[PDB]
Each structure stands twice: as C-alpha cells, then as structure tokens.
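Below, chain A is the first sequence line, B the second, and so on; all start at residue 1.
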Amino acid sequence: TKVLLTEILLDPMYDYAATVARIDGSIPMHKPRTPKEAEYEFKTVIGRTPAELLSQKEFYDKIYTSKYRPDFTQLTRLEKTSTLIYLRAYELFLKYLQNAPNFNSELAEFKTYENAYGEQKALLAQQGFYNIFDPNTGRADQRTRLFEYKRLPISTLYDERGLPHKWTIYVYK
Amino acid sequence: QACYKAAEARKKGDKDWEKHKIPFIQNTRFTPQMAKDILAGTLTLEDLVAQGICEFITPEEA
Amino acid sequence: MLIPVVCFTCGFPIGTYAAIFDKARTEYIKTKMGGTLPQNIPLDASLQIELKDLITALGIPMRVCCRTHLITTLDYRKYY
Amino acid sequence: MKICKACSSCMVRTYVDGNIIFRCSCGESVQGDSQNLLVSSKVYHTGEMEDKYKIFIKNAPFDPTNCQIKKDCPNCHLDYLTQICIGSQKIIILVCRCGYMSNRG
Amino acid sequence: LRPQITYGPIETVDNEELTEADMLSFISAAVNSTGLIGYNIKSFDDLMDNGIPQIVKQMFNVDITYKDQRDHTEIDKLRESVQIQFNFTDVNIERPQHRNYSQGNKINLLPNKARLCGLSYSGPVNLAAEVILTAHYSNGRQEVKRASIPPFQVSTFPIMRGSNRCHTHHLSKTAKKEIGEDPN
Ligand SMILES: [Zn+2]
Ligand SMILES: [Zn+2]
C-alpha cells in the first residue's frame with residue numbers, strides 16, 4: 001500500500017484528477033493531513049483503494065470523471081468558454097488514457113476550439129504597439145540620415161591645372 | 001528589344017531613334033496588401049511560394 | 001507576475017489602478033486593432049495605440065517611471 | 001606516353017645512341033619518330049592563363065552575378081556589357097550576350 | 001518541359017508604399033511556416049517512421065558461418081560448419097510506458113514522472129524475424145531449417161519530447177499545462 005501510494009502520488013495524472021475533484025468539491029481543498037484523508041482522496045480520485053487496485057489489472061478505467069458535464073458543442077464557437085475548455089481538456093485527456101473510440105477526430109476538433117480560444121487569450125495579452133509616422137506620408141517613417149552616394153564634380157579634388165587640393169590653410173573672419 | 005529597335009532606327013538615318021528605348025524596371029511582386037494579408041492570417045509563406053513571389057535558397061544555390 | 005503594487009522607481013501606488021487599467025486597455029485595443037490577428041498586433045506597422053489619456057483619466061501623474069512600469073509589466077496570467 | 005600496339009600498356013622510355021626506345025613488359029620494343037621527343041614539361045601561371053577561364057568567359061554574359069557596365073556593345077548595339085577582371089594583373093574583359101568580346105576574342 | 005504559369009507584367013506592380021516595417025511581415029510568415037525548432041521534431045519523426053525500420057529491415061541482414069565443434073556421432077563427424085542466416089521483418093516503436101508496480105498491464109509514462117523519478121522517456125521497440133540455419137557436411141550435402149519468430153520487445157528507444165511518440169502530442173495545451181508540462 002505505501003509503495004503504491006508513493007508511486008501514484010508522483011503521477012501527474014493523479015494531480016490533474018485531484019484538481020478536477022477539488023473544483024467540484026469531491027475532495028477537500030487542502031492536501032491530506034492524515035492517513036484517512038489520503039486514503040479517501042485516493043479512493044475518490046483513482047476510483048478504488050490501493051488494495052483493490054493491485055488485486056486486479058485495471059487502472060485508468062475508473063479515474064475521476066468531472067461531475068458537471070457541460071455542453072462542449074458550444075465549443076463550436078457558438079464562467080463559460082473557459083470552464084468548457086478546462087473540463088473538455090480533462091475529459092479528452094482521460095479518453096486518451098483509455099484509448100477511447102473516435103478519439104483522434106475529437107482531439108482535432110478540440111484543438112481547433114482551443115486554437116480559437118488561444119487567439120482570444122493572445123488578444124488579452126496585447127500591450128499595444130505604436131509606429132512613428134512621417135507627416136508627409138501617412139505610414140511608418142522611412143526618413144533616415146544614412147549616407148547617399150553622389151558623384152561630385154572632379155573639381156572638388158583637382159584644380160584647373162590637374163593638381164590635387166591641399167586644404168591646409170585656415171581662414172578666420 | 002527596345003535597344004534593338006533603336007539601333008535599327010539609328011542605322012536608317014532616323015533622327016528620333018532615342019524614342020524607341022524603354023526604361024529598365026526591376027521589382028518584387030510583394031505588395032503592401034500581401035503584408036496586410038499575412039498579418040490577418042489569410043496569407044502564408046506556402047501561398048507566397050506557390051504564387052512565385054518567394055523561393056527557398058540554399059548556400060550552394062546562393 | 002503582475003503589475004507591481006507600487007512603482008519600482010518612486011513608489012507611487014501604481015497597483016491600485018492596475019486591474020482597471022488592464023481591462024480598459026483591452027477595450028481600447030479592440031477599437032483600433034482592425035482585421036489584424038491579435039498575435040500580429042506588434043507587427044502591424046500601421047497601428048498607433050496611445051494609452052496616455054487613459055492613464056491620465058486613471059489619475060496617475062505624468063511621471064516617466066510610473067507609466068513605464070504600468071504599461072510595460074508582463075502579466076503571468078496572460079501567458080500561462 | 002606510348003601505348004603498346006598489342007597489350008595497350010604504357011611502355012617505358014629508354015635512351016640509346018641518340019634514339020628513344022619504348023620497351024613494354026610484354027617484350028615489344030618500338031622506336032619513336034618525332035612525337036616522343038618530349039622528356040618533361042612545365043607551364044607557369046596556370047591559375048591565370050587563357051585556357052583556365054575559357055568556359056567562364058563564355059558563360060559570363062549569362063551569369064546574373066557578374067558586374068555589368070554602362071557601355072554600348074559595338075556588335076549588337078546593346079547598351080550594357082559584362083565586365084570581368086581576371087588575374088593578378090587585373091585584366092579587364094568586356095563580354096556581351098551576342099558574342100562580342102573585348103580583347104578581340 | 002516548358003514552364004506554364006505566366007505572371008502579370010512587372011511594370012504594373014505597385015510597391016512604392018512598402019515600408020521596411022511592412023517587410024517584417026515576411027519574416028513573420030517565414031518563422032510561422034518553419035516554426036522555430038520544427039525541423040527537430042520533423043527529423044525525429046522521420047527517424048521513427050521511416051529511418052529505423054529501413055535500417056533494421058535492410059542494413060542488418062546477418063549471414064555468417066561457424067565451424068561445427070560437435071564431434072560425438074557419425075553425423076557430428078560428417079558435419080563441418082553451420083550457416084546462421086537471419087533478418088528482421090517488422091520494426092515498431094511505441095510511446096513510453098511504465099509498470100506502476102501493480103502486477104498489471106503497462107500504463108502511459110508522462111514526461112514529468114520521468115523527470116521527477118529519474119526515469120527514461122523511452123518507448124518500446126518491437127521486432128520480428130526469420131531465421132535460417134544451414135549445416136554443411138563433408139560429402140557436400142546440406143540441411144536447412146527455417147523458423148519464423150513472433151514480434152517481441154527488444155529494448156526501448158529514447159523519445160523526443162513533443163514528437164509523435166511523445167504523450168504530449170495527443171494532449172491539448174490545457175492538458176499539457178495541467179500535467180506539469182510547460183504549455184508554451
Ligand atoms: Zn514612479
Ligand atoms: Zn553584343
């Protein structure tokens with residue numbers, strides 16, 4: 001019993017099912033403080049006691065199943081819209097662990113639903129953005145102070161006698 | 001071709017052979033509307049590749 | 001993980017207007033985002049979203065530090 | 001080299017009394033007349049000769065990565081040319097798609 | 001073959017309003033198409049679905065001959081060497097599993113349990129085979145015995161997290177978040 005409890009208490013599935021059970025009040029909101037509380041939480045979450053678990057060979061068949069069965073067919077875009085995502089995600093996770101029929105299509109349907117939901121959540125996560133516009137134009141400023149090549153007259157380097165300039169005399173006014 | 005037509009007019013003593021030359025133009029087919037469509041999620045890189053606007057280049061093809 | 005209770009720099013009580021400021025932001029952004037998808041909002045290159053008047057209407061002063069920390073602080077609830 | 005007329009091997013060269021004799025391992029021996037009077041050779045500046053860049057110069061007008069210059073082709077009267085610079089003496093060659101080649105090539 | 005598609009004239013493309021900030025949308029599209037590390041998942045999935053089965057079924061045909069050291073009977077004296085010849089015909093890799101120590105069927109092993117317990121996120125490998133043993137005799141006669149072996153698990157292969165054989169591939173972002181995985 002103790003080794004099995006230590007094995008299963010480290011399972012993320014156990015934590016997820018315990019959270020789902022706490023949400024709808026099936027187990028107390030605090031972690032067990034007594035062996036009786038731990039035994040009760042294990043019985044509620046896993047569906048059977050540790051002794052009747054190893055007796056036999058099923059494990060996933062009776063893991064908690066949320067009490068409120070909302071309508072996930074309003075996840076067809078049509079409190080809510082976040083409770084539905086959470087409960088349907090847990091239910092689909094449990095279906096995955098049980099190799100339920102038609103799981104692969106329902107998973108893609110829920111993936112599209114939650115992609116739309118993540119689009120909403122990405123809208124909520126936006127902090128703003130600004131573009132400095134050029135007043136002459138009406139869009140993002142393209143004015144720069146970059147170098148612009150320009151073929152200068154050859155007289156800027158040579159005089160009318162073919163000699164280079166030597167700018168070594170300073171004129172002060 | 002416009003260079004050839006200007007040459008064919010110049011060799012025939014025509015004084016307005018320069019009018020047959022067109023200007024050179026090079027451009028990309030990417031437009032500001034494509035940039036807006038990318039941000040709206042209705043245009044992907046695969047659509048740009050399929051429309052001949054962009055292509056993939058390797059260091060040996062570079 | 002949240003907008004700080006007070007400004008990190010000067011200690012003005014920024015947080016008492018944080019929650020309101022958050023939700024107002026969304027509404028304001030919903031007015032200006034257009035057809036661009038949310039995650040592409042920091043890429044639009046045509047948006048000009050100014051929160052100056054909103055923060056002023058909250059009563060927060062015109063201090064650089066306070067508005068900086070109010071505007072720029074990431075919310076852990078929006079990423080997890 | 002010299003190729004044996006029977007086994008088509010590479011015959012070994014020996015020198016006797018002002019004559020070159022080719023001896024094969026099959027016993028065949030032959031005398032060279034004129035084309036076998038070349039003991040050894042060496043050419044210099046191999047990385048800059050004309051035969052090194054013949055294919056490159058032929059392909060130059062079609063490679064879009066080559067430098068172009070604003071000059072009229074004297075043959076087809078196109079108004080641009082392809083400028084290439086070969087060698088350590090920086091020899092400049094202007095080539096055109098029609099087949100024109102400065103340096104008279 | 002001639003190319004078919006003809007595009008509209010380049011003289012009529014209107015791009016003069018393109019700003020360099022608009023060109024960041026092209027980078028956005030490129031990164032969205034390739035992901036950031038999507039090549040890793042694609043490469044590992046190619047190894048799982050196509051690479052390992054090809055390597056096992058094509059590059060590991062065994063055909064060796066060993067001297068017979070058995071010399072106790074007349075047939076033992078006549079027999080000189082035995083030819084061992086086999087190849088594998090079926091290769092499969094599954095998702096990581098764990099016993100749970102209930103003397104029951106295997107259960108799914110989630111990545112967080114592997115991280116905490118110091119386990120390995122490794123999925124079982126199942127193999128089938130055909131064996132041919134041929135014994136040769138001094139006169140020049142040979143005897144051939146063939147066997148066909150049902151699929152059996154040989155070992156486990158490490159599974160890339162987030163790939164096809166990872167358990168966090170049939171889960172949603174909320175379910176990933178609730179089993180202790182980084183949902184992002
Ligand atoms: Zn402050
Ligand atoms: Zn020419």
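E:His167 and A:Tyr96 share a side-chain donor-acceptor pair at under 3.5 Å. One side chain, E:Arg95 or E:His170, offers a donor N or O that lies under 3.5 Å from an acceptor on the other. No hydrogens or angles considered: a donor-acceptor pair under 3.5 Å links the side chains of A:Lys67 and A:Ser26. C:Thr9 and C:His69 are linked by a side-chain donor-acceptor pair at a separation below 3.5 angstrom, with hydrogens and angles left out of the test. If you check the side chains of E:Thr174 and A:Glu114, you find a donor sitting under 3.5 Å from an acceptor. Defined by atom type and a distance below 3.5 Å, a donor-acceptor pair is missing between the side-chain atoms of A:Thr81 and A:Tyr117. There is a side-chain donor-acceptor pair under 3.5 Å between A:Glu41 and A:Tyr14. Looking only at atom types and distance, the side chain of C:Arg67 has a donor-acceptor partner in the side chain of C:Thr56 under 3.5 Å away. Checking C:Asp44 against C:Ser46 by side-chain atom types alone, a donor-acceptor pair falls below 3.5 Å.
Atom CZ of E:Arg141 is surrounded by 12 or fewer heavy atoms from other residues, nucleotides or ligands within 6.0 Å. A 6.0 Å sphere centred on CG of A:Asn102 holds no more than 12 heavy atoms belonging to other residues, nucleotides or ligands. For C:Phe8, the CZ atom sits in a loose shell: 12 or fewer heavy atoms of surrounding residues, nucleotides or ligands are nearer than 6.0 Å. Heavy-atom contacts from other residues, nucleotides or ligands closer than 6.0 Å to OH of E:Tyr101 number 12 or fewer. The environment of B:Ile57 atom CD1 is dense: over 12 non-hydrogen atoms of other residues, nucleotides or ligands sit within 6.0 angstrom. By the neighbour-count criterion of 12 heavy atoms within 6.0 Å, atom CD of E:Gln69 is sparsely surrounded, having that number or fewer from other residues, nucleotides or ligands. No more than 12 heavy atoms of other residues, nucleotides or ligands lie within 6.0 Å of OH in E:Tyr66, so this atom counts as exposed by the packing criterion. Residue C:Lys78 places its NZ atom among more than 12 non-hydrogen atoms of other residues, nucleotides or ligands, all under 6.0 Å distant.
Taking 4.0 Å as the cut-off between side-chain N and carboxylate O, A:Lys62 and A:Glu52 do not count as a salt-bridged pair. Looking at A:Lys2 and A:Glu7, no side-chain N of the basic residue comes within less than 4.0 Å of a carboxylate O on the acidic one, giving no salt bridge. The pair E:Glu74-E:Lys77 does not count as a salt bridge, with every side-chain nitrogen at least 4.0 angstrom from each carboxylate oxygen. With salt bridges taken as basic N to acidic carboxylate O contacts below 4.0 Å, none links C:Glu50 and C:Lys32. The pair E:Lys113-A:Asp11 does not meet the salt-bridge criterion, since no charged nitrogen lies less than 4.0 angstrom from a carboxylate oxygen. Note on A:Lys36 versus A:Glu39: no salt bridge recorded, every NZ/NE/NH1/NH2 to OD/OE distance being 4.0 Å or above. By the 4.0 Å N-to-carboxylate-O rule, C:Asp75 lies close enough to C:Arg77 to be salt-bridged with it. A salt bridge is defined here as a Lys NZ or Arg NE, NH1 or NH2 lying under 4.0 Å from an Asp or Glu carboxylate O, and A:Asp71 with A:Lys80 fails to meet this definition.
Distance check: E:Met23 CE to E:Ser28 OG gives 13.0 Å after rounding to the nearest 0.5 Å. To the nearest 0.5 angstrom, B:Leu48 atom CG is 6.5 Å from E:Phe26 atom CZ.
Listed by chain and number, the residues in a ring-ring contact (aromatic ring centres under 6.0 Å, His included) with A:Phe93 are A:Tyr16 (sequence neighbours excluded).
Side chain of A:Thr83 to main chain of A:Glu79: a donor-acceptor pair is present (N/O by atom type, distance under 3.5 Å, no hydrogens or angles). Side chain of A:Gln127 to backbone of C:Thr73: a donor-acceptor contact under 3.5 angstrom is found. For the pair A:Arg88 (side chain) and A:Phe110 (backbone), a donor-acceptor distance under 3.5 Å is absent. Formation of a donor-acceptor pair under 3.5 Å by the E:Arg115 side chain with backbone atoms of E:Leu110 is not found in this model. The backbone N or O of C:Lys23 lies less than 3.5 Å from no partner atom in the side chain of C:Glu27, so there is not a single donor-acceptor pair. Judged purely by atom type and a 3.5 angstrom limit, A:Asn131 uses its side chain to pair as donor or acceptor with the backbone of C:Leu47. At least one donor-acceptor pair under 3.5 Å links the side chain of A:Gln56 to the backbone N or O of A:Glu58. When atom types are taken as modelled, the side chain of E:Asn100 and the backbone of A:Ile8 share no donor-acceptor pair closer than 3.5 angstrom. At least one donor-acceptor pair under 3.5 Å links the side chain of E:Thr73 to the backbone N or O of E:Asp76. Checking side-chain atoms of C:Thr16 against main-chain N and O of C:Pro13 turns up no donor-acceptor pair under 3.5 Å.
Contact record, A:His30 with A:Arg33: NE2-NH2, 2.9 Å, taken as the closest heavy-atom pair.
Using a 4.5 Å heavy-atom cutoff, the side chains of A:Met13 and A:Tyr60 are in contact. Within the 4.5 Å cutoff, side-chain heavy atoms of E:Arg79 are placed close to those of E:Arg70.
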Starting from the C-alpha separation in whole Å, work towards a yes-or-no answer on side-chain hydrogen bond (donor to acceptor under 3.5 Å, both in side chains) for A:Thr112 and A:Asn115.
CA-CA 5 Å; A:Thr112 58; A:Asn115 282 318; over 6 Å; no
Take E:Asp63 and E:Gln83 through the test side-chain hydrogen bond (donor to acceptor under 3.5 Å, both in side chains) and record every step on the way to the result.
-> CA-CA 7 Å; E:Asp63 198 54; E:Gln83 214 211 318; 2.6 Å; yes
message = Determine whether E:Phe88 and E:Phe60 satisfy the following criterion, ring-ring contact (aromatic ring centres under 6.0 Å, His included), listing intermediate values before the conclusion.
response = CA-CA 8 Å; E:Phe88 302 95; E:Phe60 281 109; 7.7 Å; no
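A distance below 6.0 Å separates the ring centres of C:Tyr76 and C:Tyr80.
Sorted by first then second residue, the salt bridge (charged side-chain N to carboxylate O under 4.0 Å, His left out) pairs that include residues 38-47 of chain E, not counting sequence neighbours, number zero.
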